[PDB]
Structures are given as C-alpha cells and as structure tokens.
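Every number here is computed from the coordinates shown, using simple stated rules; none is lab data. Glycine gets a Cβ as well: all are built from the backbone with ideal geometry, and neighbour counts include every protein chain shown.
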Amino acid sequence: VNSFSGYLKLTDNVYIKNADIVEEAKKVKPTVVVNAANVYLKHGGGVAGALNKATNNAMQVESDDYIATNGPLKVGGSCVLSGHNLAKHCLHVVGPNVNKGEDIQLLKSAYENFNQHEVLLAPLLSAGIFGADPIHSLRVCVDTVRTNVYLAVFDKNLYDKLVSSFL
Ligand SMILES: O=c1[nH]cnc2c1oc1ccccc12
C-alpha cells in the first residue's frame, strides 16, 4: 500500500490523475518526483518552472552546481538530485523536445530511466511545451515503465481525453 489517492487505474503498474504535479508532490512527499527537464537543467517554465518555483529556486541553485561539475545531460537521460520540499529525490528526465527538432524515438529511452525507481510521481514526458502528442507519451510510458508510476495530468480536458482514448 502507498499514499497516492484517487489515482485512476490504467494498467498493472500505471496510474493516472487530473492533478497539477507541483500540488500532488507537496501533499504526498513521494520518494521520487520526476521533473520534465532539459539538458541544461534550466527550469525556466513548464513543470520544471513550476517545480522549481515551489522550491523557492533551490532546485535551480542545486542544478546549476550539477551542470558546472558534470556538464549537460543527454536527451533521453536523467540525473537524481534533491527533492527539496517536494519529495525525497527529484529524477530530472530529459524527454525529446519536438519544438527543438529532437528524435521522438528518444522518448522510450527517457521513460527507461523510471525503471531504476520502484515508485514515482511523474508528468507525461515530452508533453506540454515539449511539443509531443500526450496520447503517444502515455502509450510509450505504459509500454516501457515496469515500476509503479503515478502520472499527474495538469489539463482536465487532456486528462479526460487520455482516459477515454486509452487502449
Ligand atoms: O500536464 C500536461 N501533460 C501533457 N500535456 C499537457 C499538460 O497540460 C497541458 C495544458 C495545455 C495543453 C497541453 C497540456
């Protein structure tokens, strides 16, 4: 048993809810929250911007030190950093950004990072301002992640369409 509530069962291991990922983290304090990161860990807007704002910019300060030491992530890659006030850990995962011309086949590689963690609170990778089709992102998630993933979908309209169209 875990602390996630009202989540709507999609598969053996994948659950979904209409919730802003920032809000949900504050309530649950999950072991792992996933950030929709870019390779520079520049959390300007989007989930990264909303998560970072909720940490009072401490996520960005920690991320700038990580990049100064290690250099940029790979598209499809990840790093584990602090979860600050939101979670124990934040798994920063880089899905391909369609609005930058990145290979959508890298979305599967991105979701493979989730398999290193038994339970995660996550957004749909490459959705929102990353430009991919969220229906596609949910299909890759279900077909790639084997650990237990709790997806939050910010848009009530999109949350309804993802459920209704789910095969
Ligand atoms: O939370 C989201 N995940 C993936 N796509 C979207 C989400 O919120 C949105 C709001 C407007 C348009 C797309 C999205």
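Which of the residues belonging to the range 3-43 are without any contact (Cβ under 8 Å) to a residue 40 or more places away in the chain and either within 13 Å of the chain's Cα centre (by Cα) or buried (at least 17 other Cβ atoms within 10 Å of the Cβ) (or both)?
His43
For the range 60-90, which positions are over 13 Å from the mean Cα position of the chain (by Cα), of a type in the set (A, V, I, L, M, F, W, C) and either closer than 25 Å to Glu102 by Cα or surrounded by fewer than 19 Cβ atoms within 10 Å (Cβ to Cβ) (or both)?
Residues satisfying the conditions are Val61, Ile67, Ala68, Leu73, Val75, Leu81.
Among the candidates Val93, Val119, which residue alone is within 14 Å of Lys42 (Cα to Cα) and surrounded by 14 or more Cβ atoms within 10 Å (Cβ to Cβ)? Spell out the reasoning first.
Working: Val119 fails: within 14 Å of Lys42 (Cα to Cα).
After ruling out the rest, the residue left standing is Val93.
For the range 116-130, how many residues are more than 10 Å from the ligand (Cβ to nearest atom) and either more than 18 Å from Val28 (Cα to Cα) or among the hydroxyl-bearing types (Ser, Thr, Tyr) (or both)?
1
Would you mind telling me which numbered condition in (1) touching a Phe, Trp or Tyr at 6+ places or on another chain (Cβ under 8 Å); (2) farther than 21 Å from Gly128 by Cβ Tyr7 fails?
(2)
Out of all the residues in the range 136-158, which are surrounded by 15 or more Cβ atoms within 10 Å (Cβ to Cβ) and either within 10 Å of the ligand (Cβ to nearest atom) or assigned to a strand (DSSP E or B) (or both)?
To start, the set of residues in the range 136-158 that are surrounded by 15 or more Cβ atoms within 10 Å (Cβ to Cβ) comprises 137-142, 144-145, 148-154, 158.
Within the range 136-158, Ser137, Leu138, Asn148, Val149, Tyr150, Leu151, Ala152, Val153, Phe154, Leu158 qualify.
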